[PDB]
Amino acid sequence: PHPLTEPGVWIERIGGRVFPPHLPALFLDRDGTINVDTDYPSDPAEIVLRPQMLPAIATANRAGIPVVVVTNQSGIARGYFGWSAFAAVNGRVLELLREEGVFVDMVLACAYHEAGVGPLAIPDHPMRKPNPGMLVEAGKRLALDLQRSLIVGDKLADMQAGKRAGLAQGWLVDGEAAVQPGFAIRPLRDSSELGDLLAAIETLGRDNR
C-alpha cells in the first residue's frame, strides 16, 4: 500500500539505519536537486541524477546525519499522474542513489495544489512548501534538531519552508545569496559553494568517542 497519511500526503521511512534523537537533518528537495527537474516526473525511465548533489548525500551519510527528502508533487493534484507513478519514479531515484553508494532516510511528499482539479485542489495546505509542514513532521518522527538542520533545493519555496521551520541556513541550487540575521540563503552554483555546504554538514557529524 502507498504510505499515505491523507489523500495528498505521503510519508515513508527509508532503510533501517538507526538515528539517536536530537540530531540535525539534511533536508533535500527532489526534482531539481537530487534528480534533473522535469515538468512531469511520472516516467521512471526518464530519471537522471544530478551528480553534483551526490557529494552532499555521501557526506551526510558518513556523518550519521539523516537525509530527508521533502518534495511537492503538484502533478498529482493536476491529474498529470498519481501516487503509483510517484512510487515508481521515487523508487528509481533511490535505486540510482544506491548504485552510487548513497542513501536517504525518509521521504515526504505533498500532492495538494491550487490549480488541481478535484478534491486534491487544496490551495495552501500546511504540508505544501513554502509551508514548513513536511519539515516539522519529519522533525516529530525522527526527533530532529530543526534549528541546526540544513535544507538544499532549487526553488525559493524550499528556502522559505526551511526558514519557517526554524532552520538558520539553506543552500539554493543555482541561486543567489541572501544573508540576513536569523536566516541565510547560501548560493550553490559551483564546486566552491558545494564545499561550503559540505563543511556545514561535516560540523554536524557524530563524535564516536
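Each residue number is its position in the shown sequence, starting from 1.
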{"item": "Segment of higher mean CA temperature factor, 115 to 123 or 69 to 77", "value": "115 to 123"}
{"item": "Stretch with the greater mean C-alpha B-factor as recorded in the entry, comparing 10 to 18 against 193 to 201", "value": "10 to 18"}
{"item": "Among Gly175, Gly153, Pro51, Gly162 - the residue whose C-alpha B-factor is largest in the record", "value": "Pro51"}
{"item": "Where the record places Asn35 (Cα B-factor, split into thirds across the chain)", "value": "lowest"}
{"item": "Third of chain Cα B-factors occupied by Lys129", "value": "lowest"}
{"item": "Where the record places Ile47 (Cα B-factor, split into thirds across the chain)", "value": "highest"}
{"item": "Ranked against its chain, the third holding the CA B-factor of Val179", "value": "highest"}
{"item": "B-factor third for the C-alpha atom of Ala58 within its chain", "value": "middle"}
